[PDB]
Each structure stands twice: as structure tokens, then as C-alpha cells.
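Here the structure comes first, spelled out in C-alpha cells, and everything after it is commentary.
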Amino acid sequence: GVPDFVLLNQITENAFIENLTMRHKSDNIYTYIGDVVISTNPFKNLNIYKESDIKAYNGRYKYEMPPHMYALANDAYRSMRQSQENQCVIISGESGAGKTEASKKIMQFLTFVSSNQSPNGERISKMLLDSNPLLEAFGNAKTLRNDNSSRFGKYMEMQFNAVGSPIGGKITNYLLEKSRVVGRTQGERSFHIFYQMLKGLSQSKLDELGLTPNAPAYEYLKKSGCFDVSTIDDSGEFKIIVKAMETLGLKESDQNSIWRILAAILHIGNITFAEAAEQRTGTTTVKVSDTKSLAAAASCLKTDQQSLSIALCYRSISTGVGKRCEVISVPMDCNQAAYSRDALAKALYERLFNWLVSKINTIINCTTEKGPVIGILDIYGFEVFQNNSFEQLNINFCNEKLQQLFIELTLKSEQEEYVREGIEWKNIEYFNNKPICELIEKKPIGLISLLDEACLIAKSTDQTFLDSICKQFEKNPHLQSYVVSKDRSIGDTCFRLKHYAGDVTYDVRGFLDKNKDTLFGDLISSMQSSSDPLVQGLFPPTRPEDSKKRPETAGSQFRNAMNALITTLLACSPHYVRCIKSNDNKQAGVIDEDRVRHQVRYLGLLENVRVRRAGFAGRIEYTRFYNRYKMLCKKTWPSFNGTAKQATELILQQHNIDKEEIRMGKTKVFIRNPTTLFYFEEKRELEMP
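If you count the sequence shown from 1, position 406 lands on 414 in the deposited numbering, and the numbers rise without skipping.
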């Protein structure tokens, strides 16, 4: 009757949604759109991902079997299989909604079609599927609203062999929300791996780590004000974590060796120094009152507790001629004091995570053979509270790139493929490249440009920064406030900012210490000069392929994490995958009207349907129109001319049909108004059964 999705009985907006539900309600998971994949999430183990259903999708086309493979990959991902080139895929659709389920697809289509034989091939096809519970611990972390709300910018690369099967891979992460460990909103929690360790070990071992049975006693844990939770079982998870580590390749002997590194950080973490009455009037510096805590920091280091604070809390600088001589230093203010405190306790974790995941691959990675590389993307989800804050801005900023990404690819790169395939193409109006949100934050006189401008004015607080935005803009589109835009919804200490299709009002709390975070080499040198596989171990063999220039005031440092992301996107052939979360109850058959419609809107997918093609009603592909309506008219046989325009004219002229009603472009027929469709279909029925 009707295969694929671009042959709906009614190509209306209403039918689009109504049919989408009926599809999901008729054993139809994925959905197509001019070669665009959309999927959902069951949120449980569904008996559909193994051998059985894979044999179905093997040696067939898109227009034959249900949505799953989409021929584009078969005519692109495979196109570079013989032409010997690299690949890369991007995925999105909330967090914890399988990017575990969307990636699951990529593999089970790759294999089988790939190869077999090797007994070590079907085994590794099991460990990667057992990585779902594994990845559900590291990246994932419970938020105030969403439970499985991961929070990280990961770009995993799958390496392969000379026959066409995986061998290993590496992991890359962007600037981390490194404040997650010590600071957060009340009710929320940090990564699970930590809390699952404190209540899984024995007091005997906790003493070796230097931990005491008293949560309020600490600070990082005190700031939260919550530990024991009825929902999640603590003692039951620990044993599962051990299995995960042992199953991969982390024996207890290695675990203990790693815990010392983590336990060391805990000692250097639990130190929020008190007021130091060194000054005279009202201001002050920093000095230790709770010594046993700072002593613990130097305990694992086994160095002069005092000397340690002489180089950190006090900034020493000389340089000139040779290169630097550390001893004379500056007691900095509280703001810069707590600044270095954070920059230190937070940077060590970024280096750890990178070295943690990388050194694990050292064992997993294959040495037997080499091969090409393919990338995969995975990021946090879309969350919106009735309130907002600084962290919301940076997360939304990441989305601004993801939306721009498609625009640069599915709207631009693919558009260039139109003229590369040798098709009569004519530039059709496409919604602007929204450079109003790009040029406003790159070249001089810009958002992040003025953001770094206000941040470097040390004394200037977040409140003053707000005023620095209004004056510079409040005229360039996509930016408002309570002063200009008369809207009571905006507070006196908040501001308005537009994104895609809606409005978001942010708070000012944080920003300062939340952003900069930069760490100089005057605090690292004294520490990496030690002799201990743990102390210097925190700082791997100098510069893990990420240095060039070390000392740079934040701002730029963040640009690197975001620039390194773009530079590696404008030189590869990417693939796109979207995902839509059903509901907030893990139900595989329930629709939350208001929530669903919103998800389809802020992503701008139906606009990508109309605009991409052009903007009208009924549309059909030439490539698919040709090999379908062959047995209707004459002179449309192998004796054809070649052009898709003159041929069609030869077709419609013999049956009296106006030519202006149809037009030729890339691969889409254009007949305006709906009635014509019902007119065409019927006319093909009252004269030929």
C-alpha cells in the first residue's frame, strides 16, 4: 500500500502527529524524513536487539523493510567502505534516553553486514552491549527533576581493523562542570561513584583512606545536606561497581592503587580555610585553623605542611633572564584565595578522568592490528526549571552549537552535495544562518567577548556584568530585559534571552567562581616536584596531547574546548540521529500532550521538513518518483534522454497537464495546494485498476 513515511495518505501537520503516534502504536519504532532518522525510547529491556531482527536488515533497501537502516547510510556510510575514508555520527534527544539505545542501533547494523568467523569478534560484541550498565554509572548522575540526566561532552571514537570490525577506541571530554563535586542546588547530588564508595567499604579500610564515620564533619558533603536516600541502595550498588571494574580489567590490586589517588584528593578537598586575622581593618587573608584537615592534604604528600601553604595561598613570581625563582610571594585576597582553592581541587579531577578512561583503554585496546576511526557523540539533555541559573546558560550554549551543527551539515553540507551529484539545482531561500547569535560572540564586541571583559575586571560582580550587556546591545535581535521590554516576569536582578522558540530568564548567582576556574603553573610546579607515583601521578607525563601554551586566563581556555570541537567537524562526512523522550514515567505507551509537542517544536524538525525542500504541501522525490511511475506514460523507457525536466515535460504534455504546476530541482516534486494530490491519485484510478 504505502511504504516509507514520505507517502502519507494526508501530508498535513495534524496527520504528521496523529500518524506518529499510530506508528509507535503499530510496531514501528524509527521514522524517516528526506533521509532523517527519528526514534523513541522504551526505557526497558525490549526483546528486539539480537540476531533475529538483525538478519531481517541485511541485504535489503529502505523502501522494502520497516524503518531502521535508512538507505542514506547504505549509500554513504557504505559508499566510503570500498572509498576508504573516515566517518562520524552525532546523536541527541535528552539525557538518559539512549544516545545506550540510539548507539545500540549503529552497532547491530554494522555487524553481520561486516564479518564473522573470529571467536573474538562475537565476544567483543557482548562486552560493548554490557557497557550500557557501565556507562550508566560514569556519565549519568541524578538531577533535581530527571534521574538519568548525564552531564558531560563526550566524543567517543571507535577504531577498526583491516577487515571491518572494531578494535578499540579513545575518549575525549570538553570543559567539565567541575563545580559539581563541591557545589550544587539543594536536593541534587554529585556523581554516584563517590557516594556508592563511602557506604560500601569497611570502617577498617576507611581509616586507611583517612575517612571518619561522620558525614557532617566534612564540608563538600555538608554543603549538600543529604546523604541517605530510600530510593537508591548504597551497599547493593558497590558490589555491582566492583563487578563492572573486574569484568572490564580492573582487579582489586589495581583498584586499591587507584583509590589512593582519589583518597588523596579527598584530603586536599576537605579544606575550606577560616578567617585569617592577618590584616588590620575589615579585610583578611587565609590561614589554617582546622590544621588536621590541611595536614591530611600534605599527609598523603608527606611534605612540610607549612611549606606547602607558602607556595599556594601565597603567589610567588620572579622570572627574567633564566626562568623564575620561587620563594617571595603575595598573600592574595579572599576572592582570589577561594579561587585558587577551587581551581586546584577541580583541575586535578579533569586530569584524572582523562587519565582514568585512557589508561583503561590501554588494556582494552587491541595491539594485534590497526585500522580507521569513526566518532560518536553524546551529551546532556534539555532541562528547564521554573527558575534558572548560570549552569543553564552554558548548557543551552552547547545546544546553540548542536543546532548550528545541523545547520552547517543537514542544511549546508548536504546542500552542497546537490551540485556535486550533478543535478539541476537552483538556490532556494533557506532560513538565515542565524549569525546574530554567532557573530555576537566571536569577533571583537560580542557576548563572550564582553563576558571576558567584565570577568577580568576582578572587582566587577555578576550584577555589574549584566549592565555591560544591555548597553552594548538591547538592539541586536534576540536579547531583552525588564528595562526595555516591559514584562513583569523578568526580575530586577535577571535578564531575558531568546534561543530557538521560547524565552528563558537566567539568574546571576555564581558566574564568577563558576566560570574562570583557571589554574596557573605557580601552584603545580611545587607539587609535581615530588617523588611519588601518586603525587606526581596526579600530573601525567607532562601534557597529554593538550598544551601548546599552558598559562592563559580562562575565557580562551573554554574557547579551546569548543573550538577543538568545531575544527574537527568541518573536515569530515557526518551522520545525524535524533531522539525523542516519550514521558516522565518510563512508559512505553503513554503520551504527555503538552510535553511531546514542545519537544518536537524547540528542535525545529518540521520546519527542517518544509524549508529544506522549499515550503508547501505534497512532495515526492524524483529518484523515487522515476522508479515508481514508470508504467504510466510513454517515452519514459530506457530510450530516455537523460534530463529529469525534458522527460517529465514529454510525460505531462501527452495527457494535457499544465507545466507551471510542476517544477524541477534537486530530488523533490513541487505541486502547490492539496487538492491536486487527491486529483492526481484519483485520476490514476478511474482509468486503470
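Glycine included, every Cβ here is placed at the ideal spot set by N, Cα and C.
Which runs of the alpha helix (DSSP H) spanning at least 4 residues fall entirely within the region 109 to 151, listed in chain order? 110 to 118, 127 to 135 and 140 to 146
Please state if the CB of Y357 and the CB of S158 are separated by a distance shorter than 8 Å. no
Is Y610 near the ligand ZN, going by C-beta to nearest heavy atom under 7 Å? Questions concerning the ligand ZN fall outside what the structure shown contains, since it holds no ligand whatsoever.
In three-state DSSP terms, what is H663? coil
According to DSSP, which residues form a beta bridge with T418? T418 pairs with nothing; no bridge assigned.
Looking only at its own chain, which residues have a Cβ that is under 8 Å from the Cβ of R618, when we skip the five neighbours before and after it? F624
Exposed unless 16 or more other CB atoms sit within 10 angstroms - verdict on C234: exposed
Can you check whether the CB of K667 is closer than 8 Å to the CB of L660? yes
Do the region 534 to 541 and the region 36 to 47 make contact, defined as three or more Cβ pairs closer than 8 Å? no
Extent of the continuous alpha helix (DSSP H) run through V97: It is not in any alpha helix (DSSP H) - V97 instead sits in the beta strand (DSSP E) that spans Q95 to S100.
Find out if the Cβ-Cβ distance for the pair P380, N568 is shorter than 8 Å. no
Contiguous beta strand (DSSP E) assignments of at least 3 residues, all confined to the region 498 to 546: 503 to 506 and 511 to 514
Comparing alpha-carbon positions, which option in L685, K331 and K674 lies nearest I436? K674
Going by beta-carbon coordinates alone, are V491 and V97 separated by less than 8 Å? no
Would you please state the rounded distance, in angstroms, between the beta carbons of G177 and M164? I believe it to be under 8 Å. 6 Å
Are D242 and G290 close, meaning C-beta to C-beta below 8 Å? no
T193 in three-state terms, based on DSSP: coil
Identify whether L385 lies in helix, strand or coil by the three-state DSSP scheme. strand
Considering only the alpha carbon of each residue, which of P75, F146 and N128 lies closest to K113? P75
Which partner residues of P174 appear in the DSSP bridge assignment? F168
Can you tell me whether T683 is helix, strand or coil according to DSSP? helix
Helix or strand or just coil, what does DSSP make of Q18? coil
Secondary structure at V585, three-state DSSP: helix, strand or coil? strand
So is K107 buried or exposed if we call it buried at 16+ other beta carbons inside 10 Å? buried
Per DSSP, which residues does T293 bridge with? Please list them. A284
Here's a check: name, in chain order, each residue in its chain whose Cβ is nearer than 6 Å to the Cβ of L417, leaving out the five neighbours to either side. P582
Stretch pair the region 477 to 485 + the region 445 to 459: three plus CB contacts closer than 8 Å: yes
Compute the Euclidean distance between the alpha carbons of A105 and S317, then round it to the nearest angstrom. 46 Å
Quick one: give me the first and last residue of the beta strand (DSSP E) that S324 is part of. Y322 to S324
Using C-beta distances below 6 Å, list every residue in its chain close to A284, excluding the 5 sequence neighbours before and after it, in chain order. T292, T293, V294 and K295
What is the DSSP secondary structure of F678, reduced to helix, strand or coil? strand
Taking the alpha-carbon positions, what's the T239 to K150 distance? 12 Å
Considering only DSSP beta bridges, list what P339 is partnered with. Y322
Quick one: what's got a C-beta closer than 6 Å to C374's C-beta in the same chain, skipping five residues either side? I175 and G176
Name the DSSP beta bridge partners of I628, please? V677
Ends of the alpha helix (DSSP H) at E615? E615 to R621
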